[PDB]
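Undergrad: I am attaching a structure below and will ask some questions about it afterwards.
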Amino acid sequence: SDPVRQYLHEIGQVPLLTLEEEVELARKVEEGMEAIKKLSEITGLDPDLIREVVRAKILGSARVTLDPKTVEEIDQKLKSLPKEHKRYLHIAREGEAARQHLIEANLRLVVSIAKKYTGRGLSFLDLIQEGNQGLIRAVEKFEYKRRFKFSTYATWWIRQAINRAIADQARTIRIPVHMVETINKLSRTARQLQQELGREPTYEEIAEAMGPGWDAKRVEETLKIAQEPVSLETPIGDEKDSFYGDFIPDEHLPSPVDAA
Amino acid sequence: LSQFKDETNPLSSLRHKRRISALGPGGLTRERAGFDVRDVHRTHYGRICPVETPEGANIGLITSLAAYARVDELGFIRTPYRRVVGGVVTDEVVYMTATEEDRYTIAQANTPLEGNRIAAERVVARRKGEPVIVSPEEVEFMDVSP
Amino acid sequence: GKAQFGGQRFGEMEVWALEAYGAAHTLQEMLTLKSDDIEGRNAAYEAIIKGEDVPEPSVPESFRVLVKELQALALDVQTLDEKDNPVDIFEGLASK
Amino acid sequence: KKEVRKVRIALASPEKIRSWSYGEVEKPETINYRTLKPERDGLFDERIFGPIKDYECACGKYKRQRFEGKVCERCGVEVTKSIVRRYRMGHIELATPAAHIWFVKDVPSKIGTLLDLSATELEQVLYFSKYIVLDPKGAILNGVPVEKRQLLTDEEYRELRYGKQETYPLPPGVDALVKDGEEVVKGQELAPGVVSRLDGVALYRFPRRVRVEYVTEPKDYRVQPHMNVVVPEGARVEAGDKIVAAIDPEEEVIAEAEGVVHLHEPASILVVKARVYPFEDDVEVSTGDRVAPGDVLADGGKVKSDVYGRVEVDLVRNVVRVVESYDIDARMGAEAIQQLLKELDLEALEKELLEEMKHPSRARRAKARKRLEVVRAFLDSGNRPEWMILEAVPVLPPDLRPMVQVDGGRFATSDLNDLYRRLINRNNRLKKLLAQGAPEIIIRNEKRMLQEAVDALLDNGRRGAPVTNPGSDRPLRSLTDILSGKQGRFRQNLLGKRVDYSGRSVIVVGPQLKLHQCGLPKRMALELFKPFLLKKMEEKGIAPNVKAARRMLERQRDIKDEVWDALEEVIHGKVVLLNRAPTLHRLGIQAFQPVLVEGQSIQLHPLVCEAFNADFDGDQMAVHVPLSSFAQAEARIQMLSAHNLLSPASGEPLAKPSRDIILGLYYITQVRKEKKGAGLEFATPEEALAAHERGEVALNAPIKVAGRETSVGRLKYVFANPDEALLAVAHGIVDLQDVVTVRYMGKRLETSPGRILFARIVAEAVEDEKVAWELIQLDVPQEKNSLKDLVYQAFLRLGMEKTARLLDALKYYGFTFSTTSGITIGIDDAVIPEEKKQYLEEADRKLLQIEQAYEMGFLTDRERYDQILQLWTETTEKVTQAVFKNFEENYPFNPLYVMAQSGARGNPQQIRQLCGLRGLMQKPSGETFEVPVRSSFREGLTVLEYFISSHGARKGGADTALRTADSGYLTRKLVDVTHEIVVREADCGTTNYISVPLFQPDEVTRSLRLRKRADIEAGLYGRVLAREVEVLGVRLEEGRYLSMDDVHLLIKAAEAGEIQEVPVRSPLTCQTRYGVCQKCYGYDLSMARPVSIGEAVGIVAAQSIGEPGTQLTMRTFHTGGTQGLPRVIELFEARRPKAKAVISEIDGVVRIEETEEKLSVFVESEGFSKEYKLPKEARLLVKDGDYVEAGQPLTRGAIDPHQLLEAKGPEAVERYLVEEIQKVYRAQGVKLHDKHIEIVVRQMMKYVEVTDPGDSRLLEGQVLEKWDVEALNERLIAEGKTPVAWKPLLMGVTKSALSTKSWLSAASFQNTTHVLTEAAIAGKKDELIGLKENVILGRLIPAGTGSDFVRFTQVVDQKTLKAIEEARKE
DNA sequence: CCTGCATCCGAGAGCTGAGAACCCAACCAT
DNA sequence: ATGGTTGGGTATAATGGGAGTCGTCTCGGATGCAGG
Ligand SMILES: Nc1nc2c(ncn2[C@@H]2O[C@H](COP(=O)(O)OP(=O)(O)OP(=O)(O)OP(=O)(O)OC[C@H]3O[C@@H](n4cnc5c(N)ncnc54)[C@H](O)[C@@H]3O)[C@@H](O)[C@H]2O)c(=O)[nH]1
Ligand SMILES: Nc1ccn([C@@H]2O[C@H](COP(=O)(O)CP(=O)(O)OP(=O)(O)O)[C@@H](O)[C@H]2O)c(=O)n1
Ligand SMILES: [Mg+2]
Ligand SMILES: [Mg+2]
Ligand SMILES: [Mg+2]
Ligand SMILES: [Mg+2]
Ligand SMILES: [Zn+2]
Ligand SMILES: [Zn+2]
């Protein structure tokens, strides 16, 4: 049990990296990327297709839209390159291995970033998985030439993915991202106004502090739209025998008196 | 523990303010509480009323503070006793916990007196909750009132 | 509840008492025509308002809810006739 | 429309789920945040689940009917009724298979049993902690080849999959002792402070410097971390070539001339266990390919791989390194479990288990049978085991998981919506992440959470922390939580419902009502009978139409006078049902004719309060209105109060005088006694008359005249008829309690005018003088027992109508005479006897002695305590006797004494507490105090005594509060074990019977004494004689129902030694299927006549057993100077007693062998001699050299029922259980017939266990119903094979109820998950035999008017019958 | 190899009434 | 043609979490451990 401890154990089973190993891995993935684009332009095939087939071969048959016959036939079709071209394949494969190794090594940075986003409508493991997606994206778009540390560029992508996940999955009734950030800014302004005034602000103060284009009706509408629904199974009374839905009548089906 | 106040009459509110509950957050559960915690203990004398409790599943779990009882700063209920020395009942009143009460022989409040001297050869008393009959010299404390 | 203009609960032990009396028809009325047989209660009210006798009851809606909730647990609950052929208690509203 | 007869439950295949669904929900969106309309492809989409509006699509193209079945092209919504939103399912396609938790966590696991996997192993595999291997491909682990179904941990799998390798760092400034590309043995130090630990080739990682020769002189080039080395170690270079490629083109290291290149000062070493292969041209296999020995590796096939492994082509050194590995196929999770389940062949596995079942081992055979049960359930049902793993998850219709707008404008939702959202989110993220080729760790994590989300959706709070909504700690309500529990669907909405046409109100006494009438408030009747009232007012001229009548009735001030007359017309002849909770027995609901009254309180008849257990200190009752002609006929004929006068449990009157009625009748029927005369002598009556007239003798003094005992009243007042005596009473000449002489019925009776008046009351009530004279006992005061006997005899002799009339007359006259009697209670009425003082003082004497006997040394502490307690209890008994003797001698008309004697109110203990003394009290630990409460309630207690008694008062309150729940639980268990038993036929034809004994053995003196007459009545009354009986020159024929008079005759004959036991039919020996027959059941105890076919006797038996336990068993306990309900529950559950006694398994003689340290008993038969070693402190009921039979006890205590079953057999266990259950109820004073316990015990003994399957397909040790195996054996005899051999079993009520054939009743009882999963695997088909299943289905129960025996009856008049024949005569 | 014997886990425990980053740019819907 | 909604980007460095729960009692089955 306790899946967080299991995930932490699995993540700690992979050792960390030094600067030299990190730059080596990044250089290898960079050369693998350059190799796959070179191969794609040489053969005239879609770079995404060849990258997917190459990575499928690197993973193995364990990873079952492309029939096995298809990927195998393409793999034999890339075995028709005389020389100075199979080097592209080998560099690409080593780059894919470098990508995997780097992601596995730096998943702990995802954990470290995500551990301070708990308590906002998403469980810790969901935050970790969205951070992992962001880390994969950052590994995809990292340029090691700048001599910057891996975490410096990875942190922005991880935080962006986490914030997007909070905005998109925290509420049962979906609210778009712009409205979500508007609501957060409204709440922050309200709390600063409460701190300064020494009491709960009125809608006029919040509208004034928002800026141009904000009036009391607009803040009232925003606050009305920002309410989250309650459960039909909320316990009513001290004893464990009454639910909320016990007080909700049906207004859709006609009554016996109405039907007659 | 935060309850809609009962104010049918002033006595209702006064009763509600003096209620003691064994339930609540970090307390007992109504359906699985055994006889041991719902029984009138011998130390309830003068601290918790042995009579006023709700009938039903809450019997013994909700009780009432006794009339003269006072909760001390540490949270222990104390009850008052008159000091008696040499068979003479004095006006000094000492508020004591159950542990302190366990150390003495305490006479009943209805002990007959002439002036303030115990005018009875046989005195009904409590020793660690056990009813006993003692001589006036052995008496250490007396009840303030029934 | 009285505040909701609600009705009295006919619980398990009341059903036991009705069964012990052998009052099959009264119990069937309580289970269907008065609680959750929608078409049944509608027809009963219309029949009483027109002076006829109340009609025969049907399957209560709570059983349909039970069947639907058992299907949500990936369990195939099916009602059968005397020849073990399926009988559709949903009148065809749930068949593709 | 064909009727439903069976309900089947079975497993659902993924194809079945996909066939159910109308579409896949693709997004977790529920509704739009701004327009409040369902989102496309969401959990509420109208395209999938149906339209919200009736016959109108989402986009508004179609807004009319006639468009049924067509789907709008713009919106995709079919135009149909909106109600289909509560029927139509959806589905979710999982990215990876997930296991249904019901088949994983319900012990024993069905999947684990099928695959022979333990619970921990399945936990490890399913939740991604260990691998399970398929097709090992000849891999070697630790020198041992790997076999299928083997568990590999993450490190063990990784080592086998990829090979062993480690990296050793090198501190700066320290070089290595080896070269690049050389093999390293374990322990070979690579540095002055670094030592290797594995074998294999070692390679340098990041050499710091590069030495380049020139064709000679060397040169050194520094390698910075940001640039890499290309040239292989020890390889020549050419002019212009690059050596150390760099990020900057100008910063690259270019070879100036031709020279060798070497790499030195490594940063780390990588030692791997691998093979190495140099090449000098293009290679064939690229990095990431797996090869076998003897495959093409490089150089066009010159070099070949020699071991299994993975290839990496190091282009820097231009060498192929093949790391020794395998292509092992090990998987983890539900995907691997499903692969295993698909491959399973059930026939071969069944053959293997059948072969295993021949082992001499008992445990191995038991486990083989356990596996075979599941295997055969799957084989017979036709279900595939792989369906046990979910590929498509069904989605409940939206209307059962609503998102609704509350009156305040806020939304309310179900937890199921959030669970579905969580599942959909995790599935979508898994699909996205799979599309990116993410590493295995993240995929494992995602699949773990997906499995957990499926678990939470199906069964939340089973493993680990339950899922809760943010900001709360309340667990989310899953489907299983909805289905099961006291709050679940089955118990809260199917076995009980809220109903229409119902009300409730406070009740008040209705003393002027008749037995069949109840007082109903006017407004209550207006609301209850509203539709009938609307019809009546429309028929009249009160309103033009029904709507106008409703509008008139909706406003209180708009109601008129004629509508009340219309209401009186409506309810004429109709009845309503009154119910008081808790409904302990069936008489908790009764039918009454409503009399419209003013006010808001229901008026209840005084004589039905005892049946309802109702009083008038705030009780409330519910009112229901039966609607149809069938319901009204059932209520008026079967459930009317005046038709239910006898108890269904005992057959004794239950509607009978009580409280004030008894008091008044006793007051008028008691005779005055005076002491003024006190046995004076007179020779002639006239001298006695003159003595009274001069004032020396009282009127009622017992004098003797002329040798005859008489009184002055007998001689002075001789009345010719009762009218004259009552006229003299009206003139004050004599009192109702004075003894005079009256001529009645042609005889001269010395009696009182009150007793004559009572006789006249009965005679005029029953309209029969001779029968009334026969019924009554004239020469005794009328009290509770005599009045009850009168009611019973009147019932027997006259019928229900005349009995009810007599009951009403008795109630009226009892009330009238209790009003004017002058009964009151003052403080002086608690008379304290003088002897009490003496009794105390004498006690104060003995106490001193005891103290002396302890202060000198002739007594210990325990003995002193015991003697003090015994002295005080004897003193309390003496005080009680003195109190009641004083009452009887000096104040025979004292109010407390009269109340206690007449049975109106009070018992001797309470009277003693009022008058004499309270007595000893118990400490909270359960021990008595040493000093008693010597004051009564009249004298007033002291503070200390009050506090001492508070312990017992509180303990009694807690006793009530915490035992009523256990008794209610027992009643529910009995109902769920006996609900199917009905009277189904007139006679089963059996010739078996039971023998009810009339003499009980005694433990003391080992002698037979006649049983208590109440016990014989409880065991014999109403039964059918199995054999002819000849007693006292009287023939009781076979097939005779034993009346009460017959039982008394049998007792009288047994007292003369003419009979020892009575053979009767019983439910224990009935042969009817799913019930009993009329002859084996006997009387309907509530009607004193043979039971009608179709009576639900199982429910009646369960209620009869449960009702007394709820209140009167160890009601308010009075704190005054293995038992009870726990013993009864232990017996009904077949619990093994903790105080178990020892029985003799075989026949023989007794030889007790006792040494100073140990004790034993030997039973010596003629064949064998067995031994029983017993504690020395144990008790022995036998003596040395005595004879004991098999199963006869040798020790005191509770007997183990199962050991007794093994020893003596089934009938002995039946008799033991019935008698031991009856003991507890008899000790409490409860009258209850043996039949009900016999029914429950018959249900307890329903099953057998196979010892030898013979020529059947059954298995050894398989539990199955007795009827089924008997039928199987009979058919085997018909076919000519060997019978199945079986032994009876004994199961508690809980296990017997959960072992029934019908899965609906078992699921609605308890343990819903286990019952449902077993039934679904087996594909069980419910035949709807019992009552609970038909109640759940909302059908007509097969009992009473729903019985097939009576429900097809036709009725027709003479006119129609003939002409139907005239048509046939043609 | 069999057996018995503590040990652990799961499932019960009456009825009715009421009570917490920001910004910028492209893109479908209506 | 307009808002409302959605996708993409930020570059010193950062690298394994945190609340919690200890006052029920029995009973029945599944099970691992001890002995012979
Ligand atoms: N089947 C049944 N019958 C009962 C019960 N208890 C009493 N009777 C009958 O009622 C007559 C008068 O009994 P009472 O003289 O006791 O009066 P009451 O109405 O019970 O009121 P209270 O004195 O309790 O006043 P309250 O202010 O405390 O009421 C508010 C609080 O009481 C409790 N409470 C109030 N009402 C009920 C109720 N209906 N059911 C259960 N608990 C109730 C509850 O806990 C609530 O939260 C008795 O003779 C019996 O026929 C019972 O448990 N079950
Ligand atoms: N939880 C409960 C409490 C009560 N009841 C019902 O209320 C009645 C009176 O209990 P009560 O305590 O109100 C009085 P009673 O015992 O008759 O009085 P006395 O000895 O002081 O004269 C019981 O007999 C039950 O039918 C219930 O079903 N569930
Ligand atoms: Mg109460
Ligand atoms: Mg009452
Ligand atoms: Mg009473
Ligand atoms: Mg005369
Ligand atoms: Zn449309
Ligand atoms: Zn029979």
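Labeling convention for the structure tokens: chains A, B, ... as they appear, residues from 1 per chain, ligands from 1 in order of appearance.
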Residues of chain F were defined as contacting chain A if any atom lay at most 8 Å from it, counting only C-alpha atoms (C1' of nucleotides); please report them as a PyMOL selection string.
TA: chain F and resi 5+10-17
Undergrad: Using only C-alpha atoms (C1' of nucleotides), please write the residues we just selected to a file, as a PDB file, in the first residue's frame.
TA:
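Dumped everything to part-v5.pdb:
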ATOM      1  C1'  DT F   5     -11.672  30.133 -25.489  1.00  0.00           C
ATOM      2  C1'  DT F  10       9.265  32.086 -19.863  1.00  0.00           C
ATOM      3  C1'  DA F  11      16.986  29.826 -19.508  1.00  0.00           C
ATOM      4  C1'  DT F  12      21.311  31.172 -12.197  1.00  0.00           C
ATOM      5  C1'  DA F  13      19.789  26.998  -9.550  1.00  0.00           C
ATOM      6  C1'  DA F  14      16.754  24.121  -7.624  1.00  0.00           C
ATOM      7  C1'  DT F  15      16.522  16.741  -7.514  1.00  0.00           C
ATOM      8  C1'  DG F  16      12.476  11.099  -2.111  1.00  0.00           C
ATOM      9  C1'  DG F  17       5.848  13.508   1.590  1.00  0.00           C
TER      10       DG F  17
END
Undergrad: List as number ranges by chain the protein and nucleic acid residues lying within 7 Å of ligand 2, with only C-alpha atoms (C1' of nucleotides) and all ligand atoms counted.
TA: B: 56; D: 581-582, 613, 961, 1111, 1115-1116; E: 15
Undergrad: Any chance you could export the current selection's C-alpha atoms (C1' of nucleotides) as a CSV table (one decimal), in the first residue's frame?
TA:
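result23.csv written:
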chain,number,residue,atom,x,y,z
B,56,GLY,CA,-31.8,6.2,24.8
D,581,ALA,CA,-43.5,1.9,15.7
D,582,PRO,CA,-41.7,-0.4,16.5
D,613,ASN,CA,-47.8,-1.5,23.4
D,961,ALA,CA,-30.2,0.9,25.5
D,1111,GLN,CA,-38.8,-5.9,25.8
D,1115,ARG,CA,-38.7,-2.8,30.3
D,1116,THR,CA,-37.4,-0.8,33.2
E,15,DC,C1',-37.8,0.7,14.7
Undergrad: Any idea what's packed within 7 Å of range 81-95 of chain C, counting only C-alpha atoms (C1' of nucleotides), ignoring anything in its chain fewer than 4 positions away? Could you give it as an MDAnalysis selection string?
TA: chainID D and resid 2:6 84 87:88
Undergrad: Could you give me the residues within 8 Å of ligand 1, counting only C-alpha atoms (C1' of nucleotides) and all ligand atoms, as a ChimeraX atom specification?
TA: /B:54-56 /D:580-582,614-620 /E:15-18
Undergrad: Can you pull out every residue within 8 Å of residue 62 in chain C, counting only C-alpha atoms (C1' of nucleotides), but drop anything in the same chain fewer than 6 positions away, and send it as a VMD selection string?
TA: (chain C and resid 36) or (chain D and resid 493 to 494)
Undergrad: Just the selected residues (N, CA and C atoms), exported as a PDB file, in the first residue's frame, please.
TA:
ATOM      1  N   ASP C  36     -43.752   4.176  -5.838  1.00  0.00           N
ATOM      2  CA  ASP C  36     -42.881   4.490  -6.967  1.00  0.00           C
ATOM      3  C   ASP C  36     -43.271   3.806  -8.277  1.00  0.00           C
TER       4      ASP C  36
ATOM      5  N   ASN D 493     -34.886   1.180   0.074  1.00  0.00           N
ATOM      6  CA  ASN D 493     -35.822   1.511  -0.991  1.00  0.00           C
ATOM      7  C   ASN D 493     -36.573   0.323  -1.577  1.00  0.00           C
ATOM      8  N   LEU D 494     -36.183  -0.913  -1.272  1.00  0.00           N
ATOM      9  CA  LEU D 494     -36.816  -2.088  -1.857  1.00  0.00           C
ATOM     10  C   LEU D 494     -37.597  -2.910  -0.843  1.00  0.00           C
TER      11      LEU D 494
END
Undergrad: Residues within 8 Å of ligand 8, counting only C-alpha atoms (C1' of nucleotides) and all ligand atoms: report them as a VMD selection string.
TA: chain D and resid 987 to 990 1065 to 1067 1069 to 1072 1076 to 1081
Undergrad: Can those selected residues be exported to a file as an mmCIF file, in the first residue's frame so that it contains C-alpha atoms?
TA:
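See out-v9.cif below for the written result:
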data_model
loop_
_atom_site.group_PDB
_atom_site.id
_atom_site.type_symbol
_atom_site.label_atom_id
_atom_site.label_comp_id
_atom_site.auth_asym_id
_atom_site.auth_seq_id
_atom_site.Cartn_x
_atom_site.Cartn_y
_atom_site.Cartn_z
ATOM 1 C CA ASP D 987 -51.105 -33.056 4.272
ATOM 2 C CA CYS D 988 -47.570 -34.040 3.285
ATOM 3 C CA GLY D 989 -48.390 -37.689 4.009
ATOM 4 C CA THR D 990 -45.452 -38.328 6.333
ATOM 5 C CA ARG D 1065 -46.976 -34.155 14.131
ATOM 6 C CA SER D 1066 -44.471 -31.314 14.067
ATOM 7 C CA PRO D 1067 -42.680 -29.029 11.598
ATOM 8 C CA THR D 1069 -40.869 -34.015 10.701
ATOM 9 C CA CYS D 1070 -42.849 -32.348 7.900
ATOM 10 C CA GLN D 1071 -41.929 -33.287 4.335
ATOM 11 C CA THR D 1072 -43.359 -30.276 2.476
ATOM 12 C CA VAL D 1076 -45.196 -26.995 6.086
ATOM 13 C CA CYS D 1077 -48.583 -28.670 5.717
ATOM 14 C CA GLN D 1078 -51.782 -28.087 7.663
ATOM 15 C CA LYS D 1079 -51.610 -31.302 9.695
ATOM 16 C CA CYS D 1080 -47.944 -30.907 10.672
ATOM 17 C CA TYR D 1081 -48.513 -27.306 11.818
#
Undergrad: Report the distance between CA of residue 708 in chain D and CA of residue 734 in chain D in Å, rounded to one decimal place.
TA: 22.9 Å
Undergrad: Taking the chain letters and numbering used in this document, name the residues of range 18-81 of chain C that DSSP puts in helix (DSSP H, G or I), as a ChimeraX atom specification.
TA: /C:18-21,24-36,38-50,61-72
Undergrad: Take CA of residue 893 in chain D and CA of residue 827 in chain D and report the distance between them in Å, one decimal.
TA: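 Here the two named atoms are 15.6 Å from each other.
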Undergrad: Considering only C-alpha atoms (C1' of nucleotides), can you say which of E:21, E:1, E:6, E:29 comes closest to chain D?
TA: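 Result for the nearest residue to chain D: E:1.
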Undergrad: Go through the chains and note each residue within 10 Å of ligand 7, using only C-alpha atoms (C1' of nucleotides) and all ligand atoms, then give the set as JSON, numbers by chain.
TA: {"D": [47, 56, 57, 58, 59, 60, 61, 62, 63, 71, 72, 73, 74, 75, 76, 77, 78, 79]}
Undergrad: If the cut-off is 9 Å, can you tell me the residues of chain A near chain E, counting only C-alpha atoms (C1' of nucleotides)? I'd like them as a PyMOL selection string.
TA: chain A and resi 117+120+163+181+184+188+236-239+242
